[PDB]
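Engineer: Dropping the structure in here first, questions after.
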2 protein chains.
Amino acid sequence: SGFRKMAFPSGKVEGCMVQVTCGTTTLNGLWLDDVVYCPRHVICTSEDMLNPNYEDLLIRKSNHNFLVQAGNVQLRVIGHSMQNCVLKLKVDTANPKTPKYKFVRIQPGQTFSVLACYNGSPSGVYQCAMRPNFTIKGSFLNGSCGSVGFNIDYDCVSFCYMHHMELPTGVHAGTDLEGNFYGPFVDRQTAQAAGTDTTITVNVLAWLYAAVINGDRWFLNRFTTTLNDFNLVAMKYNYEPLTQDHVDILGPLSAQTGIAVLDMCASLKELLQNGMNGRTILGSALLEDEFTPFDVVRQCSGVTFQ
Amino acid sequence: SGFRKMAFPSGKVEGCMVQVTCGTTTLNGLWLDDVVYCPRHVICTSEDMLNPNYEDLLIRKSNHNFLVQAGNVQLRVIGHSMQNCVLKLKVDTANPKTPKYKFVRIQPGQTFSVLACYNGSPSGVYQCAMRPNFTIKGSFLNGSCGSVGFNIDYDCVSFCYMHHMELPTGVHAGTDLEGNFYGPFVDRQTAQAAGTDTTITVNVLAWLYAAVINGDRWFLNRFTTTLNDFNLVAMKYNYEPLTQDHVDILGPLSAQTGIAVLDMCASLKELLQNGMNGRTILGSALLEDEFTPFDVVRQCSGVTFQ
Ligand SMILES: O=C(c1cc(=O)[nH]c(=O)[nH]1)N1CCC(c2ccc(Cl)c(Cl)c2)CC1
Ligand SMILES: O=C(c1cc(=O)[nH]c(=O)[nH]1)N1CCC(c2ccc(Cl)c(Cl)c2)CC1
């Protein structure tokens, strides 16, 4: 038993991280087969950051302007191209540590692991969720651009996020690995604001099921509610509305605990209206929304990876 | 910026995990050079667990009773011995992925990363602290014994924990890698209780400095206090007393923020006496004590590893 913010093991990703330098700008790249992927703003200088014309900036570069290092080994760049907001550098050596991988775009409410890197060297791993406003609440310092987010399904790494920038409010924005931003952001150093965030309701319910599995039961009651009665209260508290698909997704956790989803919703309704009265749930005094139903199942029933 | 529960990258450890089977009992082992380390209770059966005589149980075993698998490859066991509560299995092949490593015993209040494993396969990584009562608040299911805890200093993995059991209250107990338990526990299935836990004060202060670094300042004031006046309040709230060594350890965070340690103690004194009034610090509504001063520095100033 127990419940922790658990990240995926990062070994398969650590061997794909490299350092990319162009001019006096250095950041991280992702080396898969014979291509290195990195944020295209590596080709900017101080004068360009405010209103860069990336087509102009790239045509003025040649392959030898790009220094790629995998630890000690230098990788020879033999080609470059731009795909949306990511740069693809063709190199002369295929990465022998390339795992089975795919590029997926995730949805708000989904979670993934971030391998934070500096100078091509992995520094730490943590779990976060994609917020409804398409930002993530990460932990990133200068030099972290090009760090990636990923999930592991069996033996396959699904890359879903490449880090590009920090917004003024301290949250983070980036792209999928095809270079398309999450959210309405662009890779220029203008002041951009994220939309208002909401709480991910299906995740809060999954976390309450994890609490019950671990012996925290004080918030339960025998009331029930309907989807529509719940959603009326949820919207008042800036909670995402709950759909029938969400109910179905929680099925396995309902089955395992014997507490119907709409029963659990009645408990949540109560917690939203009267607070938690200085009591805690799984060691938190706030309702946690960055565990998916799948995260809970994986941690409270146990699945490994190859 | 930002602040997350960040674990060390686990790649260097993932390649040392193997599966150990003896009879119908299977758990995880740690394969370094030509030795596999695992909890000695792998040699117990249902009849033995309550009052095992490990010397008796081991003399009745031969090398061929131990099945060790590294993925597909079977490792031939060519010798066995017991060192305190860990079993050492000599195998015919040295692990080619053995990192630079050392075995260290950590102190209460220190943090480390746990690589949770099942059937020799890494499942997740998370950060925890060694509690003052020598337990950890982990997340472990059946089959997790032999999972290890570690820190990474530069290129060197310091192994500090091997998982042995879950106590009745849902917390976890284990040994260092020399097989000596943390705390007053023994590897038998008797009911054992942990002592009362306390809050790790130097860690709470480090976390308040991280909050200031990240722009949460609402709890500051201009009061100051003395070590002895603070410790009188701390003991009333089940907080570990604060020493001059702790003050010195926080120096770099005092320097970076311009807030003297005893000033920060006055803020903590206030938070303990009046609570947080439904305000939050770094996204928590409780005082967090599982980040060391070194954890904060690493995350709020940036250090990588080789
Ligand atoms: O490395 C970081 C960084 C990331 C982070 O999350 N937090 C932090 O403090 N620093 N940089 C700041 C953004 C910079 C940039 C330059 C040019 C463009 Cl066009 C854009 Cl969009 C961004 C590159 C350098
Ligand atoms: O794998 C787990 C496990 C760990 C955990 O943390 N949580 C959970 O639910 N299960 N086991 C329970 C302890 C068992 C044991 C058997 C014999 C002895 Cl002598 C001892 Cl001391 C312990 C081995 C199997």
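So you can find residues: chains in the structure tokens are A, B, ... in the order shown, residues in each start at 1, and ligands are numbered from 1 in order.
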Mind fitting chain B onto chain A over all Cα atoms in sequence order and sending the result as a compact mmCIF listing (two decimals) with C-alpha atoms, in the first residue's frame?

Structural biologist:
```txt
# COMPACT_ATOMS: atom_id res chain seq x y z
CA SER B 1 0.00 0.00 0.00
CA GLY B 2 0.87 3.71 0.02
CA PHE B 3 0.45 6.34 -2.68
CA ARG B 4 3.17 8.52 -4.23
CA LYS B 5 3.68 10.85 -7.17
CA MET B 6 5.32 8.14 -9.28
CA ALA B 7 7.19 8.74 -12.54
CA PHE B 8 8.10 6.21 -15.20
CA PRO B 9 11.63 4.78 -15.09
CA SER B 10 13.68 7.05 -17.28
CA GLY B 11 16.49 4.77 -18.52
CA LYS B 12 15.16 4.32 -22.05
CA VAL B 13 14.96 8.12 -22.47
CA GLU B 14 18.26 9.02 -20.78
CA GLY B 15 20.19 7.42 -23.63
CA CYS B 16 18.49 9.62 -26.23
CA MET B 17 19.42 12.99 -24.71
CA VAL B 18 22.14 15.04 -26.41
CA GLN B 19 23.40 18.60 -26.29
CA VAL B 20 22.77 20.96 -29.22
CA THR B 21 24.73 24.18 -29.71
CA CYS B 22 24.19 26.83 -32.37
CA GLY B 23 26.25 29.96 -31.90
CA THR B 24 26.32 30.82 -28.21
CA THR B 25 22.98 29.06 -27.53
CA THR B 26 22.98 25.54 -26.08
CA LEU B 27 20.00 23.36 -25.20
CA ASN B 28 18.88 19.73 -25.19
CA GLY B 29 17.96 17.54 -28.11
CA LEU B 30 16.32 14.15 -28.56
CA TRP B 31 18.38 11.70 -30.66
CA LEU B 32 16.30 8.91 -32.23
CA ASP B 33 17.64 6.78 -35.12
CA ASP B 34 19.69 9.31 -37.16
CA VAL B 35 17.68 12.47 -36.35
CA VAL B 36 18.12 14.95 -33.50
CA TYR B 37 14.99 16.91 -32.51
CA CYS B 38 15.20 20.20 -30.61
CA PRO B 39 13.31 23.50 -30.26
CA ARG B 40 13.83 25.66 -33.33
CA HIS B 41 14.50 28.73 -31.18
CA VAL B 42 18.05 27.40 -30.72
CA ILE B 43 18.80 29.37 -33.93
CA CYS B 44 17.76 32.71 -32.40
CA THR B 45 19.99 35.43 -30.97
CA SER B 46 19.11 38.28 -28.61
CA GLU B 47 18.01 40.48 -31.52
CA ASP B 48 15.73 37.79 -32.97
CA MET B 49 13.84 36.56 -29.89
CA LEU B 50 11.17 39.26 -29.94
CA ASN B 51 9.99 38.78 -33.54
CA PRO B 52 11.95 35.97 -35.19
CA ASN B 53 11.50 35.06 -38.84
CA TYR B 54 12.53 31.43 -38.61
CA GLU B 55 12.58 30.85 -42.37
CA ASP B 56 15.08 33.70 -42.77
CA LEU B 57 17.14 32.60 -39.78
CA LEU B 58 17.39 29.00 -40.99
CA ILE B 59 18.39 29.72 -44.59
CA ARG B 60 21.41 31.65 -43.24
CA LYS B 61 22.67 28.54 -41.41
CA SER B 62 24.67 25.59 -42.69
CA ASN B 63 25.15 22.11 -41.23
CA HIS B 64 28.44 23.11 -39.60
CA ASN B 65 26.79 25.84 -37.48
CA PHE B 66 25.20 23.05 -35.36
CA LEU B 67 27.33 21.31 -32.71
CA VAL B 68 25.70 18.11 -31.39
CA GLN B 69 27.39 16.22 -28.54
CA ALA B 70 26.33 12.88 -27.08
CA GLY B 71 28.46 12.96 -23.95
CA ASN B 72 31.94 13.00 -25.46
CA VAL B 73 31.14 11.81 -28.98
CA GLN B 74 30.52 14.60 -31.47
CA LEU B 75 27.77 13.88 -33.97
CA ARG B 76 28.33 15.18 -37.48
CA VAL B 77 25.30 17.10 -38.77
CA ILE B 78 24.69 16.21 -42.43
CA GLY B 79 21.32 17.91 -42.95
CA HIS B 80 18.75 20.15 -41.28
CA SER B 81 15.09 20.98 -41.71
CA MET B 82 12.26 22.65 -39.83
CA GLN B 83 8.99 20.94 -39.00
CA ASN B 84 6.63 23.48 -37.45
CA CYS B 85 8.34 24.56 -34.20
CA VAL B 86 10.95 21.80 -34.02
CA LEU B 87 14.28 21.55 -35.81
CA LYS B 88 15.28 18.15 -37.24
CA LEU B 89 19.05 17.64 -37.56
CA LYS B 90 20.08 14.65 -39.66
CA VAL B 91 23.29 13.17 -38.23
CA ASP B 92 25.74 10.63 -39.61
CA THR B 93 25.26 8.03 -36.83
CA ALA B 94 22.06 6.28 -35.81
CA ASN B 95 21.58 6.13 -32.06
CA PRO B 96 22.26 2.50 -31.04
CA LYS B 97 20.17 3.06 -27.89
CA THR B 98 17.02 4.05 -29.81
CA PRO B 99 14.04 2.40 -28.08
CA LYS B 100 10.77 1.42 -29.65
CA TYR B 101 8.99 4.76 -29.70
CA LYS B 102 6.04 6.68 -31.05
CA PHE B 103 5.01 10.33 -31.15
CA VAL B 104 1.62 10.97 -29.57
CA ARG B 105 -0.27 14.14 -28.73
CA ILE B 106 -1.94 13.98 -25.34
CA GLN B 107 -5.15 15.65 -24.13
CA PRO B 108 -5.71 17.95 -21.14
CA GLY B 109 -6.05 15.92 -17.98
CA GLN B 110 -3.52 13.29 -19.04
CA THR B 111 -0.28 12.80 -17.12
CA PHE B 112 3.28 12.07 -18.22
CA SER B 113 6.83 11.94 -16.89
CA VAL B 114 9.32 14.74 -17.54
CA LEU B 115 13.04 14.09 -17.75
CA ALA B 116 14.56 17.48 -16.89
CA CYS B 117 17.93 17.89 -18.60
CA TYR B 118 20.73 20.46 -18.73
CA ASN B 119 23.58 20.45 -21.27
CA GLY B 120 22.29 17.14 -22.59
CA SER B 121 22.61 15.55 -19.12
CA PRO B 122 19.53 14.17 -17.29
CA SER B 123 19.03 15.88 -13.93
CA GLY B 124 15.72 14.61 -12.52
CA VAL B 125 12.42 12.96 -13.31
CA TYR B 126 8.96 13.98 -12.17
CA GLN B 127 5.30 13.44 -13.00
CA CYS B 128 2.94 16.19 -14.14
CA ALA B 129 -0.42 16.64 -15.87
CA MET B 130 -1.35 18.62 -18.96
CA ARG B 131 -3.63 21.33 -17.56
CA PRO B 132 -7.00 22.21 -19.17
CA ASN B 133 -5.41 25.46 -20.30
CA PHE B 134 -2.61 23.55 -22.13
CA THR B 135 0.22 24.48 -19.77
CA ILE B 136 2.11 22.26 -17.38
CA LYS B 137 3.19 23.13 -13.84
CA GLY B 138 6.77 21.98 -14.26
CA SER B 139 10.11 22.64 -12.61
CA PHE B 140 12.61 24.02 -15.10
CA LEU B 141 15.66 26.33 -14.89
CA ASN B 142 17.70 28.05 -17.56
CA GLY B 143 19.06 25.53 -20.04
CA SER B 144 16.15 23.08 -19.76
CA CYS B 145 14.64 23.65 -23.23
CA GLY B 146 14.41 20.46 -25.27
CA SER B 147 13.69 18.32 -22.19
CA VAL B 148 10.98 15.81 -23.06
CA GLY B 149 7.86 14.31 -21.55
CA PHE B 150 6.90 10.71 -22.08
CA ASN B 151 4.83 7.70 -21.09
CA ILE B 152 5.83 4.04 -21.28
CA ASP B 153 3.38 1.44 -22.61
CA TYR B 154 4.94 -2.02 -22.17
CA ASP B 155 8.22 -1.68 -24.08
CA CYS B 156 7.28 1.41 -26.12
CA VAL B 157 8.13 5.01 -25.20
CA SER B 158 5.41 7.47 -26.22
CA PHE B 159 6.95 10.94 -26.48
CA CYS B 160 4.33 13.61 -25.97
CA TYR B 161 6.04 16.85 -24.95
CA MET B 162 9.13 18.92 -25.73
CA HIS B 163 9.81 21.89 -23.49
CA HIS B 164 10.07 25.36 -25.12
CA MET B 165 9.46 28.16 -22.61
CA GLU B 166 8.23 29.47 -19.27
CA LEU B 167 5.30 31.88 -19.16
CA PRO B 168 5.26 34.96 -16.89
CA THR B 169 3.12 33.21 -14.25
CA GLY B 170 5.76 30.50 -13.79
CA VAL B 171 4.05 27.73 -15.76
CA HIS B 172 5.48 26.00 -18.79
CA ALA B 173 4.56 25.58 -22.46
CA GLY B 174 5.85 23.35 -25.22
CA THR B 175 5.00 21.30 -28.26
CA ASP B 176 4.33 17.76 -29.27
CA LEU B 177 7.19 16.08 -31.11
CA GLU B 178 5.74 17.06 -34.49
CA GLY B 179 6.41 20.63 -33.35
CA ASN B 180 2.82 21.78 -32.82
CA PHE B 181 2.26 23.81 -29.68
CA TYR B 182 -0.05 22.74 -26.93
CA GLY B 183 -2.31 25.72 -26.44
CA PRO B 184 -2.37 29.11 -28.13
CA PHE B 185 1.31 29.90 -27.67
CA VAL B 186 4.07 30.82 -30.10
CA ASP B 187 7.86 30.53 -29.81
CA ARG B 188 8.72 34.19 -29.47
CA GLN B 189 9.64 36.12 -26.32
CA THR B 190 6.47 38.20 -26.28
CA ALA B 191 4.39 38.27 -23.11
CA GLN B 192 1.75 35.58 -23.49
CA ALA B 193 -0.86 34.58 -20.95
CA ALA B 194 -2.47 31.23 -20.32
CA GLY B 195 -6.24 30.96 -20.06
CA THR B 196 -7.94 30.31 -16.76
CA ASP B 197 -7.25 26.85 -15.40
CA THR B 198 -9.89 24.46 -14.06
CA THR B 199 -9.69 21.40 -11.82
CA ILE B 200 -9.70 18.00 -13.56
CA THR B 201 -12.73 16.35 -11.95
CA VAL B 202 -12.30 12.78 -13.19
CA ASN B 203 -8.77 12.85 -11.74
CA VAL B 204 -10.00 14.07 -8.33
CA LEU B 205 -12.47 11.16 -8.23
CA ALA B 206 -9.73 8.67 -9.16
CA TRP B 207 -7.62 10.02 -6.29
CA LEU B 208 -10.53 9.64 -3.85
CA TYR B 209 -10.77 6.00 -4.92
CA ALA B 210 -7.04 5.61 -4.23
CA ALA B 211 -7.70 7.06 -0.76
CA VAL B 212 -10.39 4.44 -0.06
CA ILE B 213 -8.12 1.66 -1.32
CA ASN B 214 -5.52 2.91 1.19
CA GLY B 215 -7.93 3.18 4.15
CA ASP B 216 -8.96 6.86 4.16
CA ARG B 217 -12.77 6.61 4.32
CA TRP B 218 -13.85 9.55 6.50
CA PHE B 219 -15.34 11.54 3.60
CA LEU B 220 -17.76 8.85 2.40
CA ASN B 221 -21.53 9.05 2.93
CA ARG B 222 -24.56 7.11 1.73
CA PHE B 223 -26.04 9.87 -0.42
CA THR B 224 -26.07 9.57 -4.19
CA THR B 225 -26.49 12.21 -6.89
CA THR B 226 -27.04 12.44 -10.64
CA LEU B 227 -24.57 13.54 -13.28
CA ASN B 228 -26.54 16.74 -13.89
CA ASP B 229 -26.95 17.64 -10.22
CA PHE B 230 -23.23 17.11 -9.67
CA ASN B 231 -22.18 19.15 -12.73
CA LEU B 232 -24.21 22.12 -11.49
CA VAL B 233 -22.13 22.28 -8.31
CA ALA B 234 -18.88 21.45 -10.12
CA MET B 235 -19.13 24.44 -12.46
CA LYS B 236 -19.63 26.73 -9.47
CA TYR B 237 -16.22 25.65 -8.13
CA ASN B 238 -14.30 25.81 -11.44
CA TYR B 239 -14.34 22.03 -11.91
CA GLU B 240 -14.46 20.42 -15.34
CA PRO B 241 -17.90 18.88 -15.95
CA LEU B 242 -18.21 15.12 -15.71
CA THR B 243 -19.25 12.97 -18.69
CA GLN B 244 -20.58 9.46 -19.06
CA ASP B 245 -17.23 8.50 -20.59
CA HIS B 246 -15.56 9.59 -17.34
CA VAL B 247 -17.98 7.42 -15.33
CA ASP B 248 -17.14 4.41 -17.52
CA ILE B 249 -13.39 5.07 -17.16
CA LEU B 250 -13.71 4.89 -13.34
CA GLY B 251 -15.49 1.51 -13.56
CA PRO B 252 -12.53 -0.63 -12.46
CA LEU B 253 -12.05 1.55 -9.37
CA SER B 254 -15.78 1.42 -8.61
CA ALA B 255 -15.65 -2.37 -9.01
CA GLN B 256 -12.61 -2.80 -6.74
CA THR B 257 -13.98 -0.67 -3.88
CA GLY B 258 -17.71 -1.33 -4.19
CA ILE B 259 -18.50 2.40 -4.25
CA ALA B 260 -20.54 3.59 -7.22
CA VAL B 261 -19.21 6.60 -9.12
CA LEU B 262 -22.30 8.68 -8.40
CA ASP B 263 -21.90 7.80 -4.72
CA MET B 264 -18.33 9.11 -4.85
CA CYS B 265 -19.59 12.25 -6.61
CA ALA B 266 -21.89 12.92 -3.67
CA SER B 267 -18.86 12.79 -1.37
CA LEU B 268 -16.99 15.21 -3.64
CA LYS B 269 -20.00 17.54 -3.73
CA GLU B 270 -19.89 17.58 0.07
CA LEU B 271 -16.12 18.23 0.19
CA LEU B 272 -16.48 21.16 -2.21
CA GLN B 273 -19.24 22.79 -0.15
CA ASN B 274 -17.90 22.33 3.42
CA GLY B 275 -14.15 21.93 2.88
CA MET B 276 -12.07 19.32 4.64
CA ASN B 277 -12.13 20.78 8.19
CA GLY B 278 -8.39 20.39 8.71
CA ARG B 279 -8.57 16.69 7.90
CA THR B 280 -6.33 15.19 5.22
CA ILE B 281 -6.69 12.65 2.43
CA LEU B 282 -3.63 10.59 1.46
CA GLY B 283 -1.49 13.13 3.27
CA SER B 284 -2.88 16.15 1.42
CA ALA B 285 -5.09 18.95 2.71
CA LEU B 286 -6.20 19.85 -0.84
CA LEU B 287 -8.04 17.87 -3.50
CA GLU B 288 -5.41 16.46 -5.88
CA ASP B 289 -6.14 16.37 -9.61
CA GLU B 290 -2.90 15.15 -11.25
CA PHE B 291 -3.54 11.38 -11.01
CA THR B 292 -5.56 9.78 -13.83
CA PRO B 293 -7.75 6.71 -13.30
CA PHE B 294 -5.01 4.76 -15.09
CA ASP B 295 -2.31 6.14 -12.77
CA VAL B 296 -4.31 4.95 -9.74
CA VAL B 297 -4.90 1.47 -11.18
CA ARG B 298 -1.21 1.12 -12.02
CA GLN B 299 -0.15 2.08 -8.52
CA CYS B 300 -2.94 0.34 -6.54
CA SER B 301 -2.96 -2.97 -8.50
CA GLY B 302 0.51 -3.11 -10.07
CA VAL B 303 1.75 -3.16 -13.68
CA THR B 304 5.43 -3.18 -14.78
CA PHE B 305 7.14 -2.55 -18.14
CA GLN B 306 9.62 -4.16 -20.54
```

Engineer: Extract the full set of helix (DSSP H, G or I) residues from segment 2-223 of chain A according to DSSP on the backbone, and format it as a compact mmCIF listing (two decimals) with C-alpha atoms, in the first residue's frame.

Structural biologist:
```txt
# COMPACT_ATOMS: atom_id res chain seq x y z
CA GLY A 11 16.49 4.77 -18.52
CA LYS A 12 15.16 4.32 -22.05
CA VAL A 13 14.96 8.12 -22.47
CA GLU A 14 18.26 9.02 -20.78
CA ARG A 40 13.83 25.66 -33.33
CA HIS A 41 14.50 28.73 -31.18
CA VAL A 42 18.05 27.40 -30.72
CA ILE A 43 18.80 29.37 -33.93
CA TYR A 54 12.53 31.43 -38.61
CA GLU A 55 12.58 30.85 -42.37
CA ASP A 56 15.08 33.70 -42.77
CA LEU A 57 17.14 32.60 -39.78
CA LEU A 58 17.39 29.00 -40.99
CA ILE A 59 18.39 29.72 -44.59
CA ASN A 63 25.15 22.11 -41.23
CA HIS A 64 28.44 23.11 -39.60
CA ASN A 65 26.79 25.84 -37.48
CA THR A 201 -12.73 16.35 -11.95
CA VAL A 202 -12.30 12.78 -13.19
CA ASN A 203 -8.77 12.85 -11.74
CA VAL A 204 -10.00 14.07 -8.33
CA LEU A 205 -12.47 11.16 -8.23
CA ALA A 206 -9.73 8.67 -9.16
CA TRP A 207 -7.62 10.02 -6.29
CA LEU A 208 -10.53 9.64 -3.85
CA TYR A 209 -10.77 6.00 -4.92
CA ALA A 210 -7.04 5.61 -4.23
CA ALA A 211 -7.70 7.06 -0.76
CA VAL A 212 -10.39 4.44 -0.06
CA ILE A 213 -8.12 1.66 -1.32
```

Engineer: Report the residues of segment 140-269 of chain A whose backbone DSSP state falls under strand (DSSP E), written as an MDAnalysis selection string.

Structural biologist: chainID A and resid 148:153 156:166 172:175
